[PDB]
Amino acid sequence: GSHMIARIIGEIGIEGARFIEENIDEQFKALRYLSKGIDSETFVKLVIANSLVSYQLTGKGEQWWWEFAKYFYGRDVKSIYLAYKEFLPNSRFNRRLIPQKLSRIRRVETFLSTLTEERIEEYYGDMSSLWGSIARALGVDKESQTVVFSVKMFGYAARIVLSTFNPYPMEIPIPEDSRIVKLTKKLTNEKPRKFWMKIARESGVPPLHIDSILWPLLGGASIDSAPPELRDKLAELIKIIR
């Protein structure tokens, strides 16, 4: 139940979530690759824009983030909207709902233009402010999956370019994508937002870090590279979530 899950996640800790983020999640590997082939500010802007169109995909998330990273490496991006207008219709893994996705990018372009290196630093030190700022730029509910996911992916990109780590705020809830929703239904009849926020508060692990533990493992990522103690805790969690 919830108490057992919270105990295991608490033993994994932010330290274990950070390990999974930086060593196991293919999405972080894709971002690391792209960060070597484009300037840091454009990199962060692209990661936010990509997150806001990362829904109802035509491939798995790990496939899609690698397609994004390989596409943009070495490119000279003059307009994020125009870049996506060319990229999406020719993509393999993001072919659905393109007009709607492009309109979202158009809506956020002004906000993205504020993301200088120092503004990125400020938002990484205050991700709750970033959360609300993205939602207000889009005119949407900040509880939505793509907005909360964009904060998570911002934190991946920012830690790469700033060479520093700040934990996600406890108040930002888990991204309710299909993997998380399906898992939650196997575990409980409680709504996922409340279920995972309670586990986050009990364990001390913010929901976006819980997402980093759960989401790669739900896709079948191996835990074998974790050191023995963390590996044991991840094996215990896999018995609950797989």
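Numbering starts at 1 and runs along the sequence shown.
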### Query
Which has higher Cα B-factors on average according to the PDB entry: 133-141 or 163-171?
133-141
### Task
Report the stretch with the higher mean CA temperature factor, choosing between 73-81 and 124-132 on the basis of the entry.
73-81
### Query
Looking at 179, 209, 201, 45, which has the highest CA B-factor as recorded?
201
#### Entry: Lowest, middle or highest third - CA B-factor, residue 20
lowest
### Third of chain Cα B-factors occupied by residue 97
highest
### Query
By the record's CA B-factor, is residue 193 among the lowest, middle or highest third of residues in the chain?
highest
### Query
What third of the chain, by the recorded C-alpha B-factor, contains residue 12?
middle
### Task
Just say lowest, middle or highest third for the CA B-factor of residue 116 relative to the other modelled residues in its chain.
middle
